[PDB]
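Here's the structure we're looking at; comments come further down.
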Amino acid sequence: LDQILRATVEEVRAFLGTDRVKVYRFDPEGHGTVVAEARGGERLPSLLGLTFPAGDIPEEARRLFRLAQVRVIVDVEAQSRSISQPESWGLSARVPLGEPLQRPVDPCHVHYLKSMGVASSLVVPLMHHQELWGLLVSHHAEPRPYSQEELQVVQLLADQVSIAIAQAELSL
Ligand SMILES: *[C@@H](C)[C@H]1/C(=C/c2[nH]c(/C=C3N=C(/C=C4/NC(=O)C(CC)=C4C)C(C)=C\3CCC(=O)O)c(CCC(=O)O)c2C)NC(=O)[C@@H]1C
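Residues in the sequence shown are numbered consecutively from 16, following the working numbering.
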């Protein structure tokens, strides 16, 4: 599982030629670890083996990956902003998209990317059946919109990967 996933990130980056792409796995307690990472000329630092507090991932957003498998972050420069409301959303995700061709992310996560030298990142999750196992993410330091065609093939690759983690799991 740890070996396969490492190989998966190597070919993936090559296909997108993105500066950095890493695979992230979700643990039952909310914590996750970086088990796969590729660097575009050591441009970005290696976060391999580092743990990211679960508190970093709320809940409403995580459900959307499990329910709709669709989320991307736009040009931090375009200044697209997201905000919460007196009320909280949950199962409401049962709705398919229903938003402009773009998705805004609150300013908190936005600068975090800026602080990381990232301006636009594509997000694709890894899931099996009704369960979400991890989160894939590509980092683009400069504006780079995604194509509807390439997006699926990858979404499929992720799905193909999500399937691998499932099939490999039985082994252990
Ligand atoms: C800011 C951190 C506040 C917040 C808002 C917020 N952030 C997200 C969700 C994400 N955070 C990501 C983090 C990264 N980058 C990594 O390197 C890494 C560890 C390997 C991850 C997973 C990130 C790109 C996401 C999306 C993935 C996910 O499913 O969470 C969101 C959701 C997006 C949306 O607009 O719905 C927002 C708005 N969360 C807080 O509690 C902070 C106060």
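Cβ atoms here follow ideal geometry from the backbone N, Cα and C, with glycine treated the same way.
beta-carbon residue i near ligand 1 non-hydrogen atom, thresh 7 Å
i: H124; result: yes
i: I72; result: yes
i: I178; result: no
i: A181; result: no
i: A76; result: yes
i: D121; result: yes
i: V139; result: no
i: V27; result: no
i: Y39; result: yes
i: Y161; result: no
i: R81; result: no
i: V49; result: yes
Spatial distance of residue i from residue j (CA atoms)
i: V49; j: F41; result: 10 Å
i: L116; j: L147; result: 24 Å
i: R81; j: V38; result: 16 Å
i: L62; j: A69; result: 16 Å
i: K129; j: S135; result: 9 Å
i: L79; j: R109; result: 9 Å
i: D17; j: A29; result: 20 Å
i: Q170; j: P73; result: 23 Å
i: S162; j: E184; result: 32 Å
i: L187; j: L20; result: 15 Å
Beta carbon of residue i nearer than 8 Å to that of residue j
i: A83; j: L106; result: no
i: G55; j: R35; result: yes
i: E52; j: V87; result: no
i: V138; j: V91; result: no
i: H155; j: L59; result: no
i: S97; j: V120; result: yes
i: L151; j: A179; result: no
i: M142; j: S99; result: no
Nearest candidate by alpha-carbon position, reference residue i, set the options
i: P158; options: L151, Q94, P101 and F67; result: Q94
i: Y127; options: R28, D71 and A22; result: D71
i: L65; options: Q182, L151, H46 and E164; result: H46
i: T33; options: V120, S103 and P160; result: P160
i: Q175; options: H144, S136 and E164; result: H144
i: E102; options: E57, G149, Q18 and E75; result: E75
i: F67; options: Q18, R109, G149 and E57; result: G149
i: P140; options: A22, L20, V85 and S162; result: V85
According to DSSP, residues forming a beta bridge with residue i
i: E146; result: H143
i: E52; result: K37
i: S97; result: According to DSSP, which records beta bridges pairwise, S97 is partnered with nothing at all.
i: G47; result: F41 and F67
Heavy atom of ligand 2 within 7 Å of residue i beta-carbon
i: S136; result: With respect to ligand 2, the structure offers nothing, as its ligand set consists of ligand 1.
Short CB-CB distance (under 8 Å) between residue i and chain B
i: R40; result: Looking for chain B here will not work: only one protein chain is present.
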